């Protein structure tokens, strides 16, 4: 099981950005795919989660108008578009699958994708 996310991104404030998470080595539709925000000194912070089978979602009230979780079943990938970017959105975003039939536990995480919302000088 491997969750290979996209490389480091550089994007201006106001613009949008699309991150990825190509899952492999297992049944993509069997597991969920959460998303987390790790900033320095803030620990972890929940964004949401998506069931690939049906594309149903459940967001945090803070990140309801920020993130956009979707999937592509053929490529077994999971995306997350962050819009209206600011200095607060500068964080390493991960993707962590979860078994949910009987019990809800994490297992395999991604390497992370460092996002830097930097203005053009």
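Residue numbers count along the first chain shown, from 1.
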Next on the checklist: If you average the CA temperature factors as listed in the entry, which stretch comes out higher, 87-95 or 67-75?
Outcome noted: 67-75
Checklist entry - Averaged over C-alpha atoms, is the B-factor higher for 53-61 or for 22-30 in this PDB entry? => result 22-30
Next on the checklist: Per the entry's values, where does residue 117 land by CA temperature factor relative to the rest of its chain, in the lowest, middle or highest third?
Outcome noted: lowest
Next on the checklist: Using the temperature factors of the C-alpha atoms in this entry, rank residue 104 within its chain: lowest, middle or highest third.
Outcome noted: highest
